């Protein structure tokens, strides 16, 4: 028996999810067929490749498929999306509570004394809208709506670095930054150290995903974990349940704060 999985080849978070989906699938007696998405291999191609095999289900990690696309897919095989809502009643989803996640980051920073906090969003990437919304609501909750900045970013290191550059040029640069994800925060960190600014002595930085990048010994990035192990187990069980005939579900998992060494007392 086979479960189809579409993931992004150069994405750390998808790497964790995939490794965990393989283990969950095996525990359930299922094999996995991976179909990679890459700059030269569109998601439509990767998804279409799984259709060429005996996949009993299709699990799309952070898919950018529109409602029509997912509908067309759901018409051919049980489908479930990971790290984002499906938008369609018949397409299941296993995602992280992005709004609660970002809120943990902000709460953590305001508790350390930070008032001027910025966010480098993930643009139109899955989860970007929610974290952006969560960031703003979280700052408001602390009565810091006035000192909250949001700059467009992305999912890569460059967008992280450009975002941080932009922020440093602000009339009043932030003392803390919440990057869209870990790869993005890596870029933020790289720019800060090269610019003579110490983390956290001068600026605190928080990432998202708790990927291999965050646990690197000399980086020790504070970040939000989405619990890749349970998300993967839920995704697999979710797909196997839809295969059995059960109704598609929108499961939201709670994230947790992972404190390392990139955040600390606000300066001065």
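Positions refer to the first chain, counted from 1.
Mean CA temperature factor is higher for 247 to 255 when stretches 247 to 255 and 20 to 28 are set side by side in the entry. As the entry records it, the average C-alpha temperature factor is higher for 67 to 75, out of 67 to 75 and 110 to 118.
Highest C-alpha temperature factor among 172, 103, 175, 181, as the PDB entry reports it: 172.
Of the candidates 185, 93, 138, 148, the PDB record gives 148 the highest C-alpha temperature factor. In the PDB entry, residue 52 places in the highest third of its chain by CA B-factor. In the PDB entry, a CA B factor belonging to the highest third of its chain's modelled residues is recorded for residue 123. Per-chain ranking of the deposited C-alpha B factor places residue 239 in the middle third.
Sort the modelled residues of the chain by CA B factor and residue 3 lands in the middle third. Annotation for residue 168: C-alpha temperature factor in the highest third relative to the rest of the modelled chain, per the entry.
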